[PDB]
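Residue-level listing of the chains:
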Amino acid sequence: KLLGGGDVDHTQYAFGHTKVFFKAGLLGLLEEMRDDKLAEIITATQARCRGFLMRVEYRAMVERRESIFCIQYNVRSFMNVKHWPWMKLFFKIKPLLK
Amino acid sequence: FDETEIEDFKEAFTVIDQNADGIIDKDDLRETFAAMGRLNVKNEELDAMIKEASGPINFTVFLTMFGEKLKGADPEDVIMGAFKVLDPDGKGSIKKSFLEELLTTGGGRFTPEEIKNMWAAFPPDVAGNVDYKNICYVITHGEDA
Amino acid sequence: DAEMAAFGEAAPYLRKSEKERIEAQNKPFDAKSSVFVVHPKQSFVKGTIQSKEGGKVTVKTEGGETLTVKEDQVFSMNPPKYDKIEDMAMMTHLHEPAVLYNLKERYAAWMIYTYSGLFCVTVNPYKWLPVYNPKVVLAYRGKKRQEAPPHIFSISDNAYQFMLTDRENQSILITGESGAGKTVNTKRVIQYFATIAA
Amino acid sequence: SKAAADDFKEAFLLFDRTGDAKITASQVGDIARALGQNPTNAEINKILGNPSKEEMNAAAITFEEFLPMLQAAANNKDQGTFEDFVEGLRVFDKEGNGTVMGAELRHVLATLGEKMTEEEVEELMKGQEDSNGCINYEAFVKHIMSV
């Protein structure tokens, strides 16, 4: 079923009861490259992780970024306002509303 | 400025502008204060409110004056968003010393002296960082509830 | 590793640890330069291609020697993926040297059974091995030769299998020179039959 | 090239804790990753040593060395193919569904090859593995390539 895919010569091989048969030295070349690519691999799967790992660190020396501000400014308002006639008014009044 | 907050300022502008012409003059300020119970509202208080504007208080002059004083104003749902990220397990009000350390050590706006002023009218729980939610209420609408 | 238990003690002489393998197949290789070559004293030794005389070849050796030999005195070398291949006939390099060399390597590692197609090559240990081990006998019992490493009981069991599966008679042809040690095998095969179906 | 991306210089001012516009050689690995480059730690190590640069003794940096080292690492981004990442984990567990048992991926990511701390391994599984003990790596590798 696997060999179903690939832009490969569906000739060059042949199957049988315990194994596939394959011609040479190209496919041979392919594999080799492949071979190196796995030495990397885990290695390759590590990297992204590592990468990615720090990529979240930046967002943190980072996520928080705004939630603070929000908190920051938000308080300041109040400190200013709470002493304002109009705002006290709204306050006593805010309840009668619906 | 979200649009419902601008509609709340339009409703407050209509309750203070009792002549309904679109410009709050000093007579509107005095008659709104007298209808709230202020029989002794001095003319110097009305003149200090008008001295914060460069022109007549129409709806866009009232919005720009409130914008320039509320440049860090945050709605209650975004303050509770940030406090749910500070208490990510939900329900519990966060510790007093955790909010003092995280305000200081992250930002200059969270410096201590300011943290003593935060505890000072925002009471204990609020100040301490244990309760939560009452501080979001009084940051969007001041004074004791 | 996980699999091997049945043998356990024999294992090392049948198969290699899953990293010994790994450490061998996954290693640096330079095809275009690495090669096998003719050799006046030693039959075929390995080397690295240095230059190219247009139809002559100069090669370094593994021991340190330099020879300029014909183009066809030079033979490719299998990628490391084929280190101590159970079935040399799976190699992508069907040479004379590569065959000699495969046998040789898995012997220096004490593996006496290596397949070469249908054959079951067997090399005289000249010493004792836990292979004829009464644990092995079972292990090889009911296993196609692809489910287990190169060994004579493989042949011998499969025969049996095949015997009952296909309803055909079987044969085993043992052959070698005077000192190859066939009787030994023959006998050993025989015990096998007697045991597994008495 | 500039496309002169001057935001790499602005990010160097966010990683230099002294404000003198130099970044130590031990930070260069993690800052290449934060600029959108994933060189393996052995590669970052080799290059360094390759240039007779010792990461064992005190180091400083200048922007004039960090810029060309990021540009030498930027050619190696053609090694980041997601077909091989999902097929690696598809060969790591049986059956036709992409699930690693929790502790298999945690012990392999900490002890196989470039050692990732178990603190970082728990921070990379947090949310994608639920209480069944089965990590769906189709969505797990999707979210790892979202950063």
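Caption draft 1: Region of the structure containing the interface of chain B and chain A. Between chain B and chain A, the contact holds 29 residues from the first and 26 residues from the second. Taken over both partners, the interface formed by chain B and chain A buries close to 2,700 Å², and the fraction arising from carbon and sulfur atoms is 73%. Counting the contacts that link chain B with chain A gives 0 salt bridges. On inspection of chain B and its partner chain A, the count reaches 5 residue pairs in polar contact. Elements with a contribution of two residues or more to the side of chain B that touches chain A: α2 (26-35), α5 (76-86) and α9 (134-140) of chain B. The element that contributes the greatest number of residues to the side of chain B that touches chain A is α5 of chain B, accounting for 4 residues. The residue inventory of the side of chain B that touches chain A, partitioned by class, reads 20 nonpolar, 5 polar and 4 charged.

Caption draft 2: Here's a closer look at the packing of helix α6 (residues 102-111) of chain D against helix α7 (residues 118-125) of chain D. All names here are of chain D. Two elements in contact, α6 and α7, have axes separated by 9 Å at closest approach and are oriented at 140°. On the basis of the axis angle, α6 is oblique to α7. Remark: the crossing between α6 and α7 carries right-handed chirality. When α6 is examined against α7, the residues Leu 105, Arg 106, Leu 109 and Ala 110 are found in contact with a partner set consisting of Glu 118, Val 121, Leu 124 and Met 125. Per-class residue counts for the contact of α6 with α7 are 6 nonpolar, no polar and 2 charged.

Caption draft 3: Region of the structure containing the environment of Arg 38 of chain B. Residues and elements named next belong to chain B. Within the fold, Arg 38 resides in the loop between α2 and α3 (43-50). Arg 38 sits in the partly exposed class, given a relative accessible area of 29%. Those residues in contact with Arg 38 that lie beyond four places of it in its chain are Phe 33 and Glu 45.

Caption draft 4: Quick peek at the packing of aromatic side chains. All told, the structure shown has 23 aromatic pairs over all chains when counted by the stated rule. A ring pair is formed by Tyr 13 of chain A and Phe 22 of chain A, whose centres lie 6.0 Å apart and whose planes are at 40°; its orientation type is tilted. Aromatic side chains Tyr 192 of chain C and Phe 193 of chain C sit 6.1 Å apart centroid to centroid with 80° between the ring planes, which places their arrangement in the edge-to-face category. Among the residues examined, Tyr 192 of chain C registers a relative accessible area of 1% and is labelled buried. Residue class for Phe 193 of chain C comes out partly exposed when judged on its relative accessible area of 28%. It is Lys 69 of chain B that lies over the ring of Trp 84 of chain A; its NZ or CZ is 5.1 Å from the centre. Positioned above the aromatic ring of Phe 66 of chain B is the side chain of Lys 69 of chain B, whose terminal nitrogen or guanidinium carbon lies 3.7 Å from the ring centre.

Caption draft 5: Structural detail: the UniProt feature "domain: EF-hand" in chain D. Residues and elements named next belong to chain D. As annotated by UniProt and renumbered to match this structure, "domain: EF-hand" occupies residues 3-38, 41-76, 80-115 and 115-147. Across residues 41-76, helical content stands at 56% and strand content at 0%; the span's end C-alpha atoms are separated by 13 Å. Helix makes up 53% of residues 80-115 and strand 8%. Its end C-alpha atoms lie 19 Å apart.

The rules behind these values
- Along every chain, residue numbers run from 1 in sequence order, not necessarily as the entry numbers them; residues that have no coordinates are omitted.
- All chains are assigned letters beginning at A, and all ligands numbers beginning at 1, according to the order in which they are written.
- Scope of values: limited to the chains shown, which are part of a larger assembly.
- Just so you know, side-chain values use all the structure's heavy atoms and leave hydrogens and water out.
- Contacts: residue pairs with any heavy atoms within 4.5 Å of one another.
- What counts as buried area is the accessible surface, traced by a 1.4 Å probe, that two parts surrender upon association, with contributions from both included.
- Within this document, salt bridges are pairs made up of a side-chain nitrogen of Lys or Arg and a carboxyl oxygen of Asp or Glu, the two lying within 4 Å of each other.
- Nitrogen and oxygen atoms within 3.5 Å of one another constitute a polar contact, given that in protein one can donate a hydrogen and the other can accept it, and given that sequence-neighbouring residues count only through two side-chain atoms.
- Think of it this way: any DSSP run of H or I at least four residues long counts as a helix, any run of E at least two long counts as a strand, and we number them from the N terminus.
- Think of it as three bins: nonpolar holds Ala, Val, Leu, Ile, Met, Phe, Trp, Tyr, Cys and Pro, charged holds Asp, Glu, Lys and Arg, and polar takes everything else, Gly as well.
- Here the axes come from fitting lines to C-alpha atoms, over the contacting stretch only for helices, and the angles between their N-to-C directions go from 0 to 180 degrees.
- Angular relationships are summarised with four words: roughly parallel below 35 degrees, roughly antiparallel beyond 145, roughly perpendicular across 65 to 115, and oblique for the angles in between.
- If you view the pair so one helix is near and one far, a crossing is left-handed when the near helix is turned anticlockwise from the far one by less than a right angle, and right-handed when it is turned clockwise.
- The buried label goes to any residue with under 20% of its type's maximum accessible area, the exposed label to any with over 50%, and the partly exposed label to all in between, with areas taken from a 1.4 Å probe on protein chains only.
- Centre distance within 6.5 Å is the pairing criterion for rings of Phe, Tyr and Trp, where only the six-membered ring of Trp is used; planes under 30 degrees apart are then read as stacked, over 60 as edge-to-face, and the remainder as tilted.
- Over a ring means this: the NZ of a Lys or the CZ of an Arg is within 6 Å of the ring centre and within 35 degrees of the ring normal.
- UniProt positions are given in the numbering used here, feature names are shortened, and annotations may be inferred rather than shown by experiment.

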